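As structure tokens, the structure follows; a few thoughts come after it.
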Amino acid sequence: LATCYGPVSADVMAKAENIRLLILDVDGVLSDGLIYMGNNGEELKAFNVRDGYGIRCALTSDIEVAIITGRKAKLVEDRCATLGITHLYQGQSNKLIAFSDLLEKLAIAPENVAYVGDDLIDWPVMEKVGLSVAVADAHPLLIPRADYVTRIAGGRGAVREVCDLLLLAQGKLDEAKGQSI
Amino acid sequence: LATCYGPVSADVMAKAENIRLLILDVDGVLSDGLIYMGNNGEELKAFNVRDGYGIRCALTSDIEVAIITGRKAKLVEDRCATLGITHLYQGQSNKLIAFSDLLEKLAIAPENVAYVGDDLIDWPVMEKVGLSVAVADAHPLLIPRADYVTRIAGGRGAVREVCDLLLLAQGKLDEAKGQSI
Amino acid sequence: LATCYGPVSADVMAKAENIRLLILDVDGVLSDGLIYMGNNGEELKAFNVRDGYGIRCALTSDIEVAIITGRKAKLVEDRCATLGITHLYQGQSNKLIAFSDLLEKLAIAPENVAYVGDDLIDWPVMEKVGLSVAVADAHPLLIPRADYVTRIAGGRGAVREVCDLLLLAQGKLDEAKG
Amino acid sequence: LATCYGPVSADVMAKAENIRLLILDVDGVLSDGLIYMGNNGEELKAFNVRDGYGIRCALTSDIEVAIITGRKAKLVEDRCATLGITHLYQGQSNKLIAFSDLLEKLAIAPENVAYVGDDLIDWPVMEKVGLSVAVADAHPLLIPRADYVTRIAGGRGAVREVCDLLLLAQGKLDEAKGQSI
Amino acid sequence: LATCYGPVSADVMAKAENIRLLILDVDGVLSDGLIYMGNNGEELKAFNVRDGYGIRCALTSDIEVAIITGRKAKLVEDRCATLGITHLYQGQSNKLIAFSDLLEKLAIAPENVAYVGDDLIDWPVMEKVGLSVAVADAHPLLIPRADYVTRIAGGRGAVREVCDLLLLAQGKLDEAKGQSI
Amino acid sequence: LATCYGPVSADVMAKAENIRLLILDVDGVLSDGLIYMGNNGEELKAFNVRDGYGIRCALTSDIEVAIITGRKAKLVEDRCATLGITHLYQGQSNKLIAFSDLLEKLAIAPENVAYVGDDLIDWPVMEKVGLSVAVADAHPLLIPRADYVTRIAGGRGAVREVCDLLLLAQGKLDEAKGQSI
Amino acid sequence: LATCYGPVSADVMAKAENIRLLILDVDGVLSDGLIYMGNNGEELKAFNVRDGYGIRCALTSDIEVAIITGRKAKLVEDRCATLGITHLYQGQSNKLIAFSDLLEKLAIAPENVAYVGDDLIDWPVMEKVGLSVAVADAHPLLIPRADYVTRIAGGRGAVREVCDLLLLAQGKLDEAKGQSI
Amino acid sequence: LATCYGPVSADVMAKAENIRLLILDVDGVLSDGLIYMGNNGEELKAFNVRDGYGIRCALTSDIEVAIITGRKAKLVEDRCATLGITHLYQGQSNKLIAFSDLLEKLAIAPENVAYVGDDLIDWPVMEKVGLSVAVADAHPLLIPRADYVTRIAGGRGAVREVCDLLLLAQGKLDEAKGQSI
Ligand SMILES: [Ca+2]
Ligand SMILES: [Ca+2]
Ligand SMILES: [Ca+2]
Ligand SMILES: [Ca+2]
Ligand SMILES: [Ca+2]
Ligand SMILES: [Ca+2]
Ligand SMILES: [Ca+2]
Ligand SMILES: [Ca+2]
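Residue numbers (the entry's author numbering), protein chains in the order written: chain I, 8 to 188; chain J, 8 to 188; chain O, 8 to 185; chain P, 8 to 188; chain L, 8 to 188; chain K, 8 to 188; chain N, 8 to 188; chain M, 8 to 188.
Next comes the structure, spelled out in structure tokens:
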């Protein structure tokens, strides 16, 4: 099965077909893994607009989007607001707790869940989900564990790539509309 | 014929000869597709100074330069001011509305218009223009659709490349002068 | 739409749908452009096995395969014979002559012909065909002229890529065998 | 776990551990996919010496090496004789005849069988084996189907790579000895 | 000996086993060598979260992490505060003074120390330590002097690479746990 | 002769031997050509620390460093202050004026001057100096005009590279000591 | 000026404009620098067909082509015969001897001569000619010495590139025609 | 000190200054690792002529060049003949035997010997010599063990690089005169 990023297995496509919830890591997935820090305590993070468009397409194609992140920042709240992401868990080490809460609130089986991570701290959740995704430049020890490895790096369109994959699998890609913000 | 970025087709050269208006996307085209967000509500974007030089050369050589963007930020208005861009459309989901508004105000035919984009939301406009351009690292589904694909990535000199192309085709490249800002 | 080598335009896919004959340049297209010459007058040329599979797929799926070369070698006859190619023109400077001979013999319109080339001498023929193809590492001046530029280089699987494209466009890719 | 070619999944390492027979494709796997032909009818094929060493290590460390190829030439016979490969099947469209012959002769289950191929014609065999492998530069559609994809290209050491993996997983790589021929 | 970044020498793995103190450069090691400066006198630097996870792993595994910088910035104090780095030295031109100071305070022999640098100013200290490390994109002249050259660039996970190496050498990597901060 | 960035011509080394003044462009030479802008008028630019070390080595080794830039920002003054650069020209559209002034004030012949540029507006000055330099990623049309093309891209160490070259040509490289700032 | 291989300097184009004779190295220039030797005393060498087309264009556009090679083989004579090269010197250790003979025979000044080489043994002749050319993958010490360094590697179209440059400079490229042999 | 392939360590250079004997592997060192086999029992192996020039330079500069290879072919004898190599051992599985014979015959201490290899079978010999060299594309497990790793791949100029290194260290590089064969 061909995609606009390269061929994927029938098994990966079958997994993506069932996804009702896409959970995303922030650092190294939605960003390039950097943290910008200033002398007056300012903190910045870079997000990618094409990911934003992808998220918008998913959110309006009956695919819920969630975020579970180890750090905690107001800027992430602002980013979730502008994209319309209502499910946000910040400052969590053991991400299994947020994951159990998500499966509870949305009444959703783990087989209908996809997760995109970039480090070993993400694997406990990724192990349980229907479609585990590692970004192109994730930690070397995570890459072979995931169901699908993206072609695009974290913060460069890896999330858009996953969004495109889910929509294509469900026959929603051609008629998908979002906002490139 | 020969350009400093590599050979281009005669058809692309001929399209570029009639361009009286260059419409530019912002995110992914004039920038590398990143939005910097802070904890105090700050927002940054990165612009390329060699693109600035190209835009100046275009404006000072009878080629109007316009911007249509899906995002809305004051920093964009500032950047347009410093470059002497007077045509700015922000927060536009359906870019056809703004595109139609531009052509009626400037009294210019769609064939005399070039558009440089990076995502699928730009295509409805790009389809109608004389010279459609996708940046090197545009969305993979956009690339095969455009009349021309730049060698240089978004935010790295892709706009300059397009400006160089228009000027050369119009025999203005030798005499064109600008400010590297 | 989507291909295993990456996205292609609607216009290119429409062109590939109509192809009944694929004409192939040899040097730089079926080979990496190299000529091996020996002291006893030996001559070798390298061919790609995956191109072979693609040509066998096309030939058994209603797509005829032809060759027009500027060089002349017995080894090229041997290669065609093993692949079941019957239309071979060697030592052809002006490739337009061999081209007209093919359209006549097979009773085929130039719109239903694809040509894969790598140098400027191939252009007079590529201009006339429905689907012109330059290989990834073709001469720089030929590349922007073609309808489609391959992702794979000459002798590396560029021909297989084109066979894949024709069979995909014709809905034959799944069923085809080589 | 970690290999000298990069991390592999526990799944691949566990599959490699269980392997008693290694079936190898020739063209595009043991060679770089090229057929060198001459005017007098001479034919050449190129092989990699570091692959040779790996085959000698596998054969000396209780792993069988077998070849199923669609082509037929005397040179392939000669290569196998220099390596001590006793199981060779040439000129076959359907590689399932040879694969099943190899299972009855060695009394070996499909799971203890690993296959290295580079094209779609190999897939029927690889589908049924314990560890299916595709070389780095295999046909794009074959790549996502394999359990393992080699880092090294066909004819460059993709076979050595698989031999190194088979030996590592079996704890034989430390004291494995071969001849670089 | 196999790591997830590729093979390392037995001597490097032996040196890495004895490490109780890891001293790190900031600029070009924890960052990509860039200083972001503003008109109101702002200063930003970028850090890598996967480096943070590595640092947290070392500190919780009996490996002290310290920093010696030639620059002085409040932002760096903040980054150290998040990671649990208690030994910070800023504004220091001659890094030997800070180096001698650390060994005296921690009662540690130089052979039990590792240093990760990127420029020639780091060498006088690196020469003395048990394990000297130059990052992948360090100054050309520093690279051949170091015991180990990282595969990953400064600011992109070179520090995490060293942490992973130290933990594997000491048999602590499997059980090592940190926070991606 | 051999340098740590690769071989250089005998003419380039002879030209570097005579250099008493190094003139640098800012944008695309000391930076990667990006301008960061915010919604509150904030302006940011990124500088490279290893460039800073080079400039420090040059200034302390009897090579004067000057800057001529077409933009104007306070942050550039802050950078020049820290590096000890006293010759700065901002908002300079025609760079030939600042060049004439520098030769006048410092009593220096153009043959003893080096200029590092990245765009075509730099050329009128570069044409007159003893050693003209284009950065690796300078505008395509400037590259073939320059006496030397750096290996390193602008804002990534292109200036450190030129600094190393001048110091090597003059036999000051080993004696050179600066601050990594 | 712009070429299909990228920009070249005005000085390079001026040198190319005067060229009446192009002299070529064989090994590393017309070939990829390989010698194929066999057990029966067979010797092979690889030539590039697009180089042959370029050579045919040169000879038919009032540009004499000649070869000076340090080795001697009958295959080279055969190659020259197919291309119509009539000036061939083999087994040539001091290439200045053949160079003088050629210039005497054709009554041509050193300035009207171009030489394409790949190794240091070629420099004494290259130093004297109007246009000296080192191929992209020439010996690293030769590269900085040449007037022009080709973009394309030896045996891959470096000679075609030089032919293309001479024809363009002399205004003969559009109407130049050869045979792809 | 600095070389035309990049900086080497002061240790590697000091080792290179003592080298009187250069022992070379064949397959993967003087060639790219390929064995060409034919239907009528023909064998070919490709040699690099720039390597030949380097070997000629070594042999004329008080550096003996020897060969120990695991395979056995008349073509290798022919290649040694043309280069003037008289010390050739073929079909050697345990290379320590021929190594002991060499040191015995030439009356040379192992510290004054250099070995260039590409696989693990070379290591027992490399472990004993003064300068062990692994080629750029050697087996991954060999690379970290060698004193020096070449920039150039086997059969592409790796041997030339080593020759250039020995001559440079002994002050004979500009001196060096050979035949490009
Ligand atoms: Ca993460
Ligand atoms: Ca956009
Ligand atoms: Ca051709
Ligand atoms: Ca195969
Ligand atoms: Ca530093
Ligand atoms: Ca600039
Ligand atoms: Ca040569
Ligand atoms: Ca070997």
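In this text, a Cβ means the ideal position worked out from N, Cα and C, and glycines have one as well.
Where residue i sits in the DSSP three-state scheme
i              : result
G48 (chain K)  : coil
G61 (chain K)  : helix
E182 (chain M) : coil
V15 (chain J)  : coil
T67 (chain P)  : helix
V169 (chain J) : helix
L175 (chain N) : helix
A23 (chain P)  : helix
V56 (chain P)  : helix
8 Å Cβ cutoff met for residue i and residue j
i              : j              : result
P151 (chain I) : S16 (chain P)  : yes
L41 (chain N)  : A53 (chain M)  : yes
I26 (chain I)  : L173 (chain I) : yes
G35 (chain K)  : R167 (chain K) : no
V83 (chain P)  : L29 (chain P)  : no
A183 (chain L) : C64 (chain L)  : yes
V123 (chain M) : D32 (chain M)  : yes
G91 (chain K)  : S187 (chain K) : no
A145 (chain P) : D125 (chain P) : yes
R158 (chain K) : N55 (chain K)  : no
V169 (chain N) : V140 (chain N) : yes
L127 (chain O) : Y155 (chain O) : no
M133 (chain O) : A153 (chain O) : yes
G185 (chain N) : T67 (chain N)  : yes
Through-space distance from residue j to residue i, alpha-carbon basis
i              : j              : result
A105 (chain N) : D85 (chain M)  : 28 Å
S38 (chain O)  : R57 (chain N)  : 12 Å
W130 (chain M) : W130 (chain J) : 59 Å
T76 (chain L)  : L95 (chain L)  : 8 Å
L103 (chain M) : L113 (chain M) : 15 Å
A9 (chain P)   : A9 (chain L)   : 6 Å
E49 (chain K)  : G45 (chain L)  : 7 Å
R78 (chain J)  : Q99 (chain J)  : 7 Å
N47 (chain M)  : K22 (chain L)  : 55 Å
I74 (chain K)  : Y12 (chain N)  : 34 Å
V142 (chain J) : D108 (chain K) : 41 Å
Exercise for review: Below 8 Å between beta carbons is the criterion; list the residues of the stretch 27 to 52 of chain J that meet it against any residue of chain K, in chain order.
Suggested key: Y43, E49, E50, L51 and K52
Exercise for review: Kindly provide the ranges of any beta strand (DSSP E) runs that are 3 or more residues long and lie completely inside the stretch 76 to 150 of chain J, ordered along the chain.
Suggested key: 94 to 96, 120 to 124 and 138 to 141
Point to revise | Contact set between the stretch 61 to 84 of chain M and chain P, restricted to residues whose Cβ is under 7 Å from the partner | key: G77 and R78
Practice item. Give, in chain order, every residue of the stretch 154 to 170 of chain P whose Cβ lies closer than 8 Å to some Cβ of chain I. Key: none
Check your understanding: Going along the stretch 101 to 134 of chain L in order, which residues come within less than 9 Å of chain M, judged by CB to CB distance?
Key -> none
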